[PDB]
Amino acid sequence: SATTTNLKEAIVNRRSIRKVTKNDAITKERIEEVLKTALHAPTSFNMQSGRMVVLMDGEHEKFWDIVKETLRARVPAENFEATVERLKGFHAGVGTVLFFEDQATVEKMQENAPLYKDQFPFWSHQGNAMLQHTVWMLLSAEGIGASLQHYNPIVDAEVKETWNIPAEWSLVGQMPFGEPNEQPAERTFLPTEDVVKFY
């Protein structure tokens, strides 16, 4: 359905859907296609330091349980339930995309192109963001709800250990997706003439 929708609509219709349920139509195969297309997003010096680990169903829920538990040890009793309430809408989804950045790659590129050594650490985040956003738009184009979460770095250690992630991969973000199950919130924009100037 990412062929149906044209570019402009894909940009404008992608919204953050924080509550998603399950659906058997959303398969590992379909996800596979989305990620293969998304990998066409560019990277500085084509270093392609981005890494994606997709957790589906069984493993998907396990992750969000990890988050819930990590929060249980860092939040006062009175705020716990309120803090983990939002985790429900993710845990209910089909799966979650874990976005990592290969730090060994960034470090090596800093050696090969010392003239940009200070920029590579940022281009690392830029490249991963472009990739994250592409995946997001593609999923929405296919009628799959998704949102971008950030439970790093508090869940990093645990996640890394339970899924044998190289030490050089740093967790950048998590994208829980699934059959949409909430109406996107209203979004406001600063007036255009304030963010854009022509000369």
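All residue numbers are counted from 1 along the displayed sequence.
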As stated in the PDB record, which stretch has the larger average Cα B-factor, 126-134 or 51-59? 51-59
Is the mean CA B factor in the deposited entry higher across 143-151 or across 157-165? 157-165
Lowest, middle or highest third: where is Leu115 by C-alpha B factor in its chain? highest
So, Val172's CA B-factor, relative to its chain, sits in which third? The lowest
Relative to the other modelled residues of the same chain, rank the CA B-factor of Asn46 and answer lowest, middle or highest third. lowest
Here the Cα B-factor of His40, set against its chain, lands in the third termed lowest
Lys22's Cα B-factor: lowest, middle or highest third of the chain? highest
